$ cat protein_4.tsv   # TSV, C-alpha atoms
chain	number	residue	atom	x	y	z
A	1	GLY	CA	-24.21	-26.26	-53.28
A	2	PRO	CA	-20.60	-27.28	-52.52
A	3	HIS	CA	-19.46	-30.43	-50.77
A	4	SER	CA	-16.19	-31.32	-49.19
A	5	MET	CA	-14.11	-34.01	-47.66
A	6	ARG	CA	-11.59	-33.16	-45.03
A	7	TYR	CA	-9.29	-34.97	-42.61
A	8	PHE	CA	-8.33	-33.51	-39.22
A	9	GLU	CA	-5.26	-35.11	-37.67
A	10	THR	CA	-3.57	-34.37	-34.36
A	11	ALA	CA	-0.42	-35.63	-32.78
A	12	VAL	CA	0.47	-34.88	-29.14
A	13	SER	CA	3.88	-35.32	-27.51
A	14	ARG	CA	3.98	-37.38	-24.33
A	15	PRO	CA	6.96	-36.74	-21.93
A	16	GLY	CA	9.44	-39.62	-22.05
A	17	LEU	CA	6.73	-41.77	-23.72
A	18	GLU	CA	8.65	-43.02	-26.79
A	19	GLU	CA	5.35	-42.60	-28.77
A	20	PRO	CA	2.86	-39.69	-29.03
A	21	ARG	CA	-0.91	-39.81	-29.21
A	22	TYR	CA	-2.16	-39.56	-32.77
A	23	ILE	CA	-5.73	-38.85	-33.85
A	24	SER	CA	-7.34	-38.73	-37.27
A	25	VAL	CA	-10.96	-37.81	-37.92
A	26	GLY	CA	-12.65	-37.55	-41.35
A	27	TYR	CA	-15.49	-35.23	-42.29
A	28	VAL	CA	-17.83	-35.22	-45.22
A	29	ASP	CA	-19.74	-31.95	-45.29
A	30	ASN	CA	-18.67	-31.18	-41.73
A	31	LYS	CA	-20.15	-34.51	-40.64
A	32	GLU	CA	-17.77	-36.91	-38.83
A	33	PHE	CA	-17.68	-40.28	-40.69
A	34	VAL	CA	-14.38	-41.97	-39.74
A	35	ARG	CA	-11.99	-41.82	-36.76
A	36	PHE	CA	-8.59	-43.36	-35.86
A	37	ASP	CA	-7.08	-43.19	-32.33
A	38	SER	CA	-3.62	-44.28	-31.03
A	39	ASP	CA	-4.92	-44.75	-27.50
A	40	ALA	CA	-7.47	-47.39	-28.43
A	41	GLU	CA	-6.84	-50.93	-27.16
A	42	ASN	CA	-6.72	-52.12	-30.77
A	43	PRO	CA	-6.39	-48.88	-32.76
A	44	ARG	CA	-7.83	-48.64	-36.25
A	45	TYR	CA	-10.01	-46.47	-38.37
A	46	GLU	CA	-13.58	-46.86	-37.20
A	47	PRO	CA	-16.91	-45.97	-38.85
A	48	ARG	CA	-18.71	-42.94	-37.40
A	49	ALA	CA	-21.57	-42.35	-39.79
A	50	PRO	CA	-24.10	-45.09	-40.66
A	51	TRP	CA	-23.23	-45.09	-44.34
A	52	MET	CA	-19.60	-46.13	-43.77
A	53	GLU	CA	-20.81	-49.48	-42.49
A	54	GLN	CA	-20.88	-50.83	-46.03
A	55	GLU	CA	-17.13	-50.57	-46.82
A	56	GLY	CA	-15.77	-54.10	-46.28
A	57	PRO	CA	-12.72	-55.18	-44.23
A	58	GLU	CA	-10.42	-54.38	-47.15
A	59	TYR	CA	-10.94	-50.66	-46.68
A	60	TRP	CA	-10.50	-50.44	-42.91
A	61	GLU	CA	-7.20	-52.30	-43.04
A	62	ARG	CA	-5.78	-50.05	-45.75
A	63	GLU	CA	-6.97	-46.94	-43.99
A	64	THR	CA	-5.48	-48.31	-40.80
A	65	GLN	CA	-2.17	-49.07	-42.55
A	66	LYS	CA	-2.13	-45.40	-43.53
A	67	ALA	CA	-2.60	-44.16	-39.96
A	68	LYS	CA	0.31	-46.32	-38.83
A	69	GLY	CA	2.35	-44.36	-41.39
A	70	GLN	CA	0.98	-40.98	-40.27
A	71	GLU	CA	1.85	-41.77	-36.64
A	72	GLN	CA	5.51	-42.07	-37.61
A	73	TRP	CA	5.33	-39.06	-39.85
A	74	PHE	CA	4.08	-37.08	-36.90
A	75	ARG	CA	6.39	-38.73	-34.39
A	76	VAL	CA	9.27	-37.50	-36.56
A	77	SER	CA	8.04	-34.06	-37.61
A	78	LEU	CA	7.16	-33.44	-33.97
A	79	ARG	CA	10.76	-34.21	-33.12
A	80	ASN	CA	12.09	-32.03	-35.92
A	81	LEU	CA	10.05	-29.04	-34.73
A	82	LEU	CA	11.56	-29.38	-31.22
A	83	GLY	CA	14.82	-28.43	-32.85
A	84	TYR	CA	13.45	-25.65	-34.99
A	85	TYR	CA	12.00	-24.11	-31.89
A	86	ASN	CA	14.75	-24.96	-29.44
A	87	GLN	CA	12.26	-26.87	-27.32
A	88	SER	CA	13.56	-29.73	-25.20
A	89	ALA	CA	12.13	-33.21	-24.73
A	90	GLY	CA	9.99	-33.93	-21.67
A	91	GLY	CA	7.50	-31.33	-22.88
A	92	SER	CA	4.01	-31.50	-24.31
A	93	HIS	CA	3.65	-30.45	-27.94
A	94	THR	CA	0.87	-30.47	-30.50
A	95	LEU	CA	0.94	-30.89	-34.24
A	96	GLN	CA	-2.33	-30.56	-36.15
A	97	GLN	CA	-3.22	-31.16	-39.83
A	98	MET	CA	-6.21	-30.17	-41.97
A	99	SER	CA	-6.35	-31.56	-45.50
A	100	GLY	CA	-8.88	-32.37	-48.19
A	101	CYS	CA	-10.85	-31.20	-51.18
A	102	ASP	CA	-13.82	-29.00	-52.01
A	103	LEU	CA	-16.23	-29.91	-54.78
A	104	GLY	CA	-18.03	-27.04	-56.54
A	105	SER	CA	-21.65	-26.74	-57.68
A	106	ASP	CA	-20.95	-28.65	-60.86
A	107	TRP	CA	-19.24	-31.55	-59.11
A	108	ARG	CA	-15.66	-30.67	-60.02
A	109	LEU	CA	-12.80	-29.95	-57.65
A	110	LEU	CA	-13.17	-26.35	-56.51
A	111	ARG	CA	-10.01	-26.26	-54.48
A	112	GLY	CA	-7.65	-28.34	-52.33
A	113	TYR	CA	-6.46	-27.83	-48.77
A	114	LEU	CA	-3.46	-28.80	-46.77
A	115	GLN	CA	-2.85	-26.72	-43.67
A	116	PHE	CA	-0.55	-27.38	-40.72
A	117	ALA	CA	-0.50	-25.97	-37.23
A	118	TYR	CA	2.13	-26.17	-34.51
A	119	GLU	CA	1.12	-25.49	-30.88
A	120	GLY	CA	-2.21	-24.19	-32.15
A	121	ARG	CA	-0.66	-21.61	-34.48
A	122	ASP	CA	-0.70	-21.66	-38.29
A	123	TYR	CA	2.62	-23.10	-39.42
A	124	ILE	CA	2.53	-24.02	-43.06
A	125	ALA	CA	-0.10	-24.19	-45.76
A	126	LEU	CA	-0.23	-25.31	-49.41
A	127	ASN	CA	-1.44	-22.32	-51.53
A	128	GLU	CA	-4.41	-22.75	-53.94
A	129	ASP	CA	-2.13	-23.57	-56.89
A	130	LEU	CA	-1.20	-26.75	-55.04
A	131	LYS	CA	2.46	-26.21	-56.02
A	132	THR	CA	3.69	-23.53	-53.62
A	133	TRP	CA	3.59	-22.91	-49.88
A	134	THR	CA	2.78	-20.20	-47.39
A	135	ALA	CA	4.89	-20.51	-44.26
A	136	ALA	CA	3.63	-18.77	-41.14
A	137	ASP	CA	6.87	-17.57	-39.64
A	138	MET	CA	10.69	-17.78	-39.73
A	139	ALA	CA	10.82	-21.32	-38.37
A	140	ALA	CA	8.31	-22.48	-40.99
A	141	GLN	CA	10.92	-21.47	-43.60
A	142	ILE	CA	13.09	-24.40	-42.68
A	143	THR	CA	10.15	-26.61	-43.68
A	144	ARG	CA	9.06	-24.48	-46.71
A	145	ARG	CA	12.57	-24.71	-48.19
A	146	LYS	CA	12.90	-28.41	-47.52
A	147	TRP	CA	9.49	-29.09	-49.06
A	148	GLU	CA	10.15	-26.85	-52.07
A	149	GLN	CA	13.43	-28.69	-52.61
A	150	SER	CA	11.75	-32.11	-52.35
A	151	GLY	CA	8.85	-30.93	-54.49
A	152	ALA	CA	6.65	-32.36	-51.78
A	153	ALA	CA	3.68	-30.37	-53.09
A	154	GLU	CA	3.41	-32.58	-56.22
A	155	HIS	CA	2.46	-35.47	-53.97
A	156	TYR	CA	-0.41	-33.67	-52.17
A	157	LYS	CA	-1.56	-32.22	-55.47
A	158	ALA	CA	-2.06	-35.71	-56.84
A	159	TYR	CA	-4.09	-36.79	-53.73
A	160	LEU	CA	-6.16	-33.65	-53.67
A	161	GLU	CA	-7.09	-33.89	-57.35
A	162	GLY	CA	-7.26	-37.67	-57.56
A	163	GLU	CA	-8.12	-39.96	-54.68
A	164	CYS	CA	-9.71	-37.18	-52.56
A	165	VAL	CA	-12.07	-36.33	-55.38
A	166	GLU	CA	-13.00	-39.88	-56.10
A	167	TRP	CA	-13.73	-40.98	-52.58
A	168	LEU	CA	-15.83	-37.95	-51.79
A	169	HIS	CA	-17.96	-38.91	-54.85
A	170	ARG	CA	-18.08	-42.44	-53.46
A	171	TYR	CA	-19.23	-41.48	-49.95
A	172	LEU	CA	-21.62	-38.81	-51.28
A	173	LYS	CA	-23.22	-41.64	-53.19
A	174	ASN	CA	-23.53	-43.77	-50.07
A	175	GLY	CA	-24.67	-40.98	-47.76
A	176	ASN	CA	-26.47	-38.51	-50.03
A	177	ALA	CA	-29.89	-38.46	-48.43
A	178	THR	CA	-28.53	-38.85	-44.91
A	179	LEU	CA	-26.33	-35.75	-45.30
A	180	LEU	CA	-29.09	-33.46	-46.64
A	181	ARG	CA	-31.26	-34.27	-43.57
A	182	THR	CA	-32.93	-31.54	-41.46
A	183	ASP	CA	-34.24	-31.52	-37.91
A	184	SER	CA	-36.45	-28.51	-37.44
A	185	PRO	CA	-36.11	-26.39	-34.31
A	186	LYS	CA	-38.70	-26.61	-31.57
A	187	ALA	CA	-39.18	-23.18	-29.97
A	188	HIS	CA	-40.70	-21.66	-26.86
A	189	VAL	CA	-40.31	-18.47	-24.82
A	190	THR	CA	-39.73	-18.24	-21.07
A	191	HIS	CA	-40.38	-15.43	-18.62
A	192	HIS	CA	-37.92	-14.54	-15.87
A	193	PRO	CA	-38.09	-11.74	-13.28
A	194	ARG	CA	-35.22	-9.26	-13.49
A	195	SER	CA	-35.71	-6.06	-11.44
A	196	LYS	CA	-37.89	-2.97	-10.99
A	197	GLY	CA	-40.45	-3.54	-13.74
A	198	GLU	CA	-38.09	-5.32	-16.14
A	199	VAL	CA	-38.43	-8.90	-17.28
A	200	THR	CA	-36.47	-11.34	-19.37
A	201	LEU	CA	-38.09	-13.07	-22.30
A	202	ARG	CA	-35.81	-15.68	-23.73
A	203	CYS	CA	-36.52	-17.62	-26.87
A	204	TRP	CA	-35.37	-21.21	-27.03
A	205	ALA	CA	-34.50	-23.16	-30.13
A	206	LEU	CA	-34.21	-26.86	-29.32
A	207	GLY	CA	-33.71	-30.15	-31.16
A	208	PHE	CA	-32.45	-28.95	-34.51
A	209	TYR	CA	-29.93	-30.03	-37.14
A	210	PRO	CA	-27.56	-28.73	-38.43
A	211	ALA	CA	-26.31	-26.01	-36.13
A	212	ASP	CA	-26.80	-23.05	-38.43
A	213	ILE	CA	-29.79	-20.97	-37.22
A	214	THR	CA	-31.12	-17.45	-36.60
A	215	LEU	CA	-33.14	-16.06	-33.74
A	216	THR	CA	-34.70	-12.62	-33.76
A	217	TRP	CA	-36.66	-10.45	-31.33
A	218	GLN	CA	-39.11	-7.85	-32.61
A	219	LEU	CA	-41.44	-5.26	-31.25
A	220	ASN	CA	-42.86	-4.08	-34.56
A	221	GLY	CA	-40.77	-2.37	-37.20
A	222	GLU	CA	-38.20	-4.51	-35.38
A	223	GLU	CA	-35.77	-2.15	-33.69
A	224	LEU	CA	-33.16	-2.68	-31.03
A	225	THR	CA	-30.55	-5.27	-31.83
A	226	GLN	CA	-27.82	-3.99	-29.52
A	227	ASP	CA	-29.30	-5.33	-26.29
A	228	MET	CA	-30.33	-8.81	-27.45
A	229	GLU	CA	-28.65	-11.46	-25.32
A	230	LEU	CA	-27.34	-14.42	-27.24
A	231	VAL	CA	-25.71	-17.76	-26.60
A	232	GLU	CA	-23.45	-19.60	-28.96
A	233	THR	CA	-25.03	-22.63	-30.64
A	234	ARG	CA	-24.64	-25.69	-28.42
A	235	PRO	CA	-24.98	-29.42	-28.95
A	236	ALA	CA	-27.80	-31.07	-26.97
A	237	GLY	CA	-25.60	-34.19	-27.11
A	238	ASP	CA	-28.19	-36.26	-28.96
A	239	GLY	CA	-27.37	-35.19	-32.51
A	240	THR	CA	-29.51	-32.05	-32.14
A	241	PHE	CA	-28.54	-28.46	-31.25
A	242	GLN	CA	-29.88	-25.69	-29.05
A	243	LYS	CA	-29.77	-21.91	-28.90
A	244	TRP	CA	-31.50	-19.00	-27.25
A	245	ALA	CA	-32.12	-15.29	-27.56
A	246	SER	CA	-33.22	-13.09	-24.73
A	247	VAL	CA	-34.26	-9.52	-24.27
A	248	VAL	CA	-34.94	-7.34	-21.21
A	249	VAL	CA	-38.41	-5.84	-21.17
A	250	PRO	CA	-40.82	-3.40	-19.42
A	251	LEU	CA	-43.47	-5.30	-17.41
A	252	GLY	CA	-47.17	-5.39	-18.40
A	253	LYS	CA	-46.12	-4.31	-21.89
A	254	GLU	CA	-45.21	-7.92	-22.37
A	255	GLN	CA	-46.77	-8.97	-25.63
A	256	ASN	CA	-45.50	-6.28	-28.02
A	257	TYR	CA	-42.50	-8.55	-28.46
A	258	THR	CA	-42.15	-11.42	-30.89
A	259	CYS	CA	-39.36	-13.95	-31.38
A	260	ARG	CA	-38.80	-15.33	-34.86
A	261	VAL	CA	-37.05	-18.61	-35.79
A	262	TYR	CA	-35.34	-19.42	-39.09
A	263	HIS	CA	-33.81	-22.80	-40.09
A	264	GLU	CA	-33.41	-25.00	-43.18
A	265	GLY	CA	-35.65	-27.61	-41.45
A	266	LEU	CA	-38.77	-25.37	-41.06
A	267	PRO	CA	-41.69	-25.80	-43.47
A	268	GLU	CA	-42.02	-22.08	-42.70
A	269	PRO	CA	-40.31	-19.65	-40.29
A	270	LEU	CA	-41.33	-19.88	-36.60
A	271	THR	CA	-43.33	-17.10	-34.96
A	272	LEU	CA	-43.93	-16.88	-31.23
A	273	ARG	CA	-44.19	-14.77	-28.05
A	274	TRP	CA	-44.77	-15.18	-24.29
A	275	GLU	CA	-47.58	-17.53	-23.18
B	1	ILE	CA	0.30	-21.32	-27.78
B	2	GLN	CA	-2.53	-21.13	-25.24
B	3	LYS	CA	-6.21	-20.33	-25.49
B	4	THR	CA	-8.91	-20.03	-22.78
B	5	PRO	CA	-11.73	-22.55	-22.46
B	6	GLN	CA	-15.22	-21.24	-23.00
B	7	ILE	CA	-17.72	-23.15	-20.94
B	8	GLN	CA	-21.43	-23.80	-21.33
B	9	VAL	CA	-23.48	-25.74	-18.81
B	10	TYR	CA	-27.07	-26.70	-19.75
B	11	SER	CA	-29.60	-29.53	-19.76
B	12	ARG	CA	-30.22	-31.65	-22.86
B	13	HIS	CA	-33.95	-31.12	-22.49
B	14	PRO	CA	-35.82	-28.32	-20.69
B	15	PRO	CA	-35.67	-29.26	-17.00
B	16	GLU	CA	-38.54	-30.55	-14.88
B	17	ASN	CA	-37.89	-31.25	-11.23
B	18	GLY	CA	-38.05	-35.01	-10.80
B	19	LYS	CA	-37.63	-35.84	-14.50
B	20	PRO	CA	-34.31	-37.53	-15.32
B	21	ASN	CA	-32.30	-35.52	-17.88
B	22	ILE	CA	-28.71	-35.18	-19.17
B	23	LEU	CA	-26.63	-32.23	-18.04
B	24	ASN	CA	-23.97	-30.87	-20.42
B	25	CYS	CA	-20.67	-29.22	-19.89
B	26	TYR	CA	-19.51	-27.96	-23.26
B	27	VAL	CA	-15.98	-26.62	-23.62
B	28	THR	CA	-14.51	-24.87	-26.64
B	29	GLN	CA	-11.75	-22.67	-27.98
B	30	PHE	CA	-8.96	-24.26	-26.00
B	31	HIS	CA	-5.35	-25.24	-26.70
B	32	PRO	CA	-3.51	-27.42	-25.80
B	33	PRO	CA	-5.92	-30.35	-25.96
B	34	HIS	CA	-5.02	-31.64	-22.53
B	35	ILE	CA	-7.88	-30.67	-20.27
B	36	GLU	CA	-9.65	-32.03	-17.19
B	37	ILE	CA	-13.36	-31.43	-16.86
B	38	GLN	CA	-15.15	-32.17	-13.68
B	39	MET	CA	-18.84	-31.84	-13.05
B	40	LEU	CA	-20.22	-31.13	-9.60
B	41	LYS	CA	-23.39	-31.77	-7.62
B	42	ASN	CA	-23.40	-29.47	-4.61
B	43	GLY	CA	-19.59	-29.11	-4.42
B	44	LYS	CA	-19.09	-32.81	-4.81
B	45	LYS	CA	-17.35	-34.23	-7.86
B	46	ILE	CA	-19.74	-36.47	-9.83
B	47	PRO	CA	-18.21	-39.77	-10.92
B	48	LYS	CA	-19.37	-41.40	-14.15
B	49	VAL	CA	-19.22	-38.25	-16.20
B	50	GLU	CA	-19.05	-39.11	-19.90
B	51	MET	CA	-16.55	-37.42	-22.25
B	52	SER	CA	-16.86	-37.22	-26.02
B	53	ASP	CA	-13.89	-37.87	-28.30
B	54	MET	CA	-11.91	-34.72	-28.99
B	55	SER	CA	-12.28	-32.55	-32.04
B	56	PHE	CA	-10.79	-29.35	-33.24
B	57	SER	CA	-12.38	-26.62	-35.27
B	58	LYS	CA	-11.11	-24.68	-38.26
B	59	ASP	CA	-9.21	-22.26	-36.00
B	60	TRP	CA	-7.25	-25.31	-34.70
B	61	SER	CA	-8.79	-24.90	-31.26
B	62	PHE	CA	-10.28	-27.93	-29.52
B	63	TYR	CA	-13.79	-28.53	-28.24
B	64	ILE	CA	-15.31	-31.37	-26.24
B	65	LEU	CA	-18.61	-32.30	-24.62
B	66	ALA	CA	-18.75	-33.79	-21.18
B	67	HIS	CA	-22.11	-34.88	-19.85
B	68	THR	CA	-23.79	-36.89	-17.07
B	69	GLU	CA	-27.25	-38.07	-16.09
B	70	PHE	CA	-28.96	-35.80	-13.63
B	71	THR	CA	-32.32	-35.34	-12.11
B	72	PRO	CA	-33.19	-31.69	-11.40
B	73	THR	CA	-34.83	-30.60	-8.14
B	74	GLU	CA	-35.66	-27.31	-6.44
B	75	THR	CA	-32.61	-27.32	-4.27
B	76	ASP	CA	-29.66	-29.13	-5.78
B	77	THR	CA	-26.97	-27.20	-7.55
B	78	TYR	CA	-24.83	-28.35	-10.44
B	79	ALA	CA	-21.66	-26.94	-11.84
B	80	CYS	CA	-18.87	-27.74	-14.22
B	81	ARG	CA	-15.23	-27.30	-13.11
B	82	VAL	CA	-12.55	-27.09	-15.77
B	83	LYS	CA	-8.80	-27.37	-15.14
B	84	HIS	CA	-6.55	-26.13	-17.97
B	85	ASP	CA	-2.89	-25.21	-18.54
B	86	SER	CA	-4.01	-21.81	-19.86
B	87	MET	CA	-5.58	-20.85	-16.56
B	88	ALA	CA	-3.95	-20.41	-13.13
B	89	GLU	CA	-7.01	-21.67	-11.29
B	90	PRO	CA	-9.74	-24.09	-12.43
B	91	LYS	CA	-12.84	-22.29	-13.77
B	92	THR	CA	-16.22	-23.25	-12.37
B	93	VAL	CA	-19.49	-22.56	-14.13
B	94	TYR	CA	-22.78	-23.08	-12.36
B	95	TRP	CA	-25.81	-24.54	-14.08
B	96	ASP	CA	-28.78	-22.15	-14.36
B	97	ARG	CA	-31.96	-23.88	-15.46
B	98	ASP	CA	-33.07	-20.61	-17.06
B	99	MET	CA	-30.09	-20.58	-19.39
C	1	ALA	CA	-9.76	-42.21	-47.88
C	2	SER	CA	-7.01	-40.58	-45.91
C	3	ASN	CA	-3.79	-39.29	-47.34
C	4	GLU	CA	-0.31	-40.33	-46.39
C	5	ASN	CA	2.03	-37.43	-46.07
C	6	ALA	CA	5.30	-37.26	-47.99
C	7	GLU	CA	8.36	-35.41	-46.80
C	8	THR	CA	8.43	-34.80	-43.05
C	9	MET	CA	8.82	-31.23	-41.76
$ encode --input "protein_4.tsv" --output "structure tokens"
Amino acid sequence: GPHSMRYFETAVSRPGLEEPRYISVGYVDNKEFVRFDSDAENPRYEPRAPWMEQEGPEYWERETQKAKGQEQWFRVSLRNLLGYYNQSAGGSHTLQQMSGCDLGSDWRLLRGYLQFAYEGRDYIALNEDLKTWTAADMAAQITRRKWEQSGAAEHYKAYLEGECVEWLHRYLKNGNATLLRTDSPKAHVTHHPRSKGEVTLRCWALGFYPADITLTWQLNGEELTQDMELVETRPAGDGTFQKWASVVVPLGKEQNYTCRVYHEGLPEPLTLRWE
Amino acid sequence: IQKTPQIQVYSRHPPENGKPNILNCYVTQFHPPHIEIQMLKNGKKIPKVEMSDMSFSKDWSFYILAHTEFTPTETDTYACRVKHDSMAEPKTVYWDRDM
Amino acid sequence: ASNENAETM
């Protein structure tokens, strides 16, 4: 039911290098649809889903103008954290940001997000009331206090409930059908020798979208579920995903086992076994 | 501050000896984002290895997909070698066509 | 559209 827009931004210190690398990447429903990168020859926000190709040159310039601003924001915060943490210059440091809004089932704002991370650790987050902050540690206090005193939260609150909400609607209108799309898994089972009378039957799911899936091995009243070997879901690199489930098995008694595949795409669940 | 790269090495399509294919090295759960990923054909670095743009996940950790065109055979071996600040020595993962 | 941050850290 829900839907969301989110922006992921990173800034990385570069030793001496008067400027740090800055990256921003936007997601609608976990799909990447815009990206801005400091290191580009001519850096600007750049479409990364088909449906962003409509937005005229007015939009890309404004969104680019914004990144220019964020760059400085991060160049400075990055420098302020050095001090909070007693870190010197000539080091590599990372600042990351996650921000955006969630729409509920009945197309109203369900909650807002603004999280920060320093060196890969939670640093500071706006709470759900979008007025008050959670700071991760002592050092985060120095920022919590400063932000409380500036009432910085009011500004994010406005974005989260205003602009964020309205643009998500806008993109969801331009990319509705594209986002709902399914690619159904294509399955098959392989047979590999293992040792004295054991065998490996692995069950492949290939070519599917989105990543979320479920693979199950059964004898009958499907038992074991301790010994099943699993791989994390992996991107084929073409837009599709992959995944596999294996079990170790007595020889001859080969066909009492049955892999089962489950995915939004499927007209019906997949059912298969060796051969 | 530092997290250890997970590595997966696997073909884009199920391999057939002789049939061109894409081989993937997929690296996840790392921080900091600086990383060097090599891919090897029999202990030789492969040049023209493509990298994706970097992303991070909701746990702030980064992931990236490096890949290259390859043509499987009986005898050749492929591997992915990753060098990362969070690891004293570069980690090498072999490709296994069964996995 | 992206957001521009306010107060720095």
$ closest_residue --input "protein_4.tsv" --among "A:113, A:147, A:22, A:123" --to "chain C" --atoms "only C-alpha atoms"
A:147
$ closest_atom_pairs --input "protein_4.tsv" --of "region 145-204 of chain A" --to "chain C" --cutoff "8 Å" --atoms "all atoms listed in the file" --output "tab-separated table"
residue	atom	partner	partner_atom	distance
A:146	CA	C:9	CA	7.6
A:147	CA	C:7	CA	6.8
A:150	CA	C:7	CA	7.3
A:152	CA	C:7	CA	6.1
A:155	CA	C:6	CA	6.9
A:156	CA	C:5	CA	7.6
A:159	CA	C:3	CA	6.9
A:163	CA	C:1	CA	7.3
A:164	CA	C:1	CA	6.9
A:167	CA	C:1	CA	6.3
$ write_last_selection --input "protein_4.tsv" --atoms "C-alpha atoms" --output "compact mmCIF listing (two decimals), in the coordinates of the input"
# COMPACT_ATOMS: atom_id res chain seq x y z
CA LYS A 146 12.90 -28.41 -47.52
CA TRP A 147 9.49 -29.09 -49.06
CA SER A 150 11.75 -32.11 -52.35
CA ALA A 152 6.65 -32.36 -51.78
CA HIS A 155 2.46 -35.47 -53.97
CA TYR A 156 -0.41 -33.67 -52.17
CA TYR A 159 -4.09 -36.79 -53.73
CA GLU A 163 -8.12 -39.96 -54.68
CA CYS A 164 -9.71 -37.18 -52.56
CA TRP A 167 -13.73 -40.98 -52.58
$ closest_residue --input "protein_4.tsv" --among "A:243, A:75, A:3, A:144" --to "residue 214 (chain A)" --atoms "all atoms listed in the file"
A:243
$ interface_residues --input "protein_4.tsv" --of "chain B" --to "chain A" --cutoff "10 Å" --atoms "only C-alpha atoms" --output "ChimeraX atom specification"
/B:1-3,8-14,22-24,26-27,30-34,52-62,65-67,98-99
$ closest_residue --input "protein_4.tsv" --among "A:21, A:178, A:166, A:124" --to "residue 142 (chain A)" --atoms "all atoms listed in the file"
A:124
$ atom_distance --input "protein_4.tsv" --atom1 "CA of residue 73 (chain B)" --atom2 "CA of residue 45 (chain B)"
17.9 Å
$ atom_distance --input "protein_4.tsv" --atom1 "CA of residue 198 (chain A)" --atom2 "CA of residue 247 (chain A)"
9.9 Å
$ atom_distance --input "protein_4.tsv" --atom1 "CA of residue 30 (chain A)" --atom2 "CA of residue 106 (chain A)"
19.4 Å
$ residues_around --input "protein_4.tsv" --residues "residue 264 (chain A)" --least-positions-apart "3" --cutoff "10 Å" --atoms "all atoms listed in the file" --output "MDAnalysis selection string"
chainID A and resid 181:185 208:210 212:213 267:269
$ closest_residue --input "protein_4.tsv" --among "B:48, B:42, B:64, B:25" --to "residue 80 (chain B)" --atoms "all atoms listed in the file"
B:25
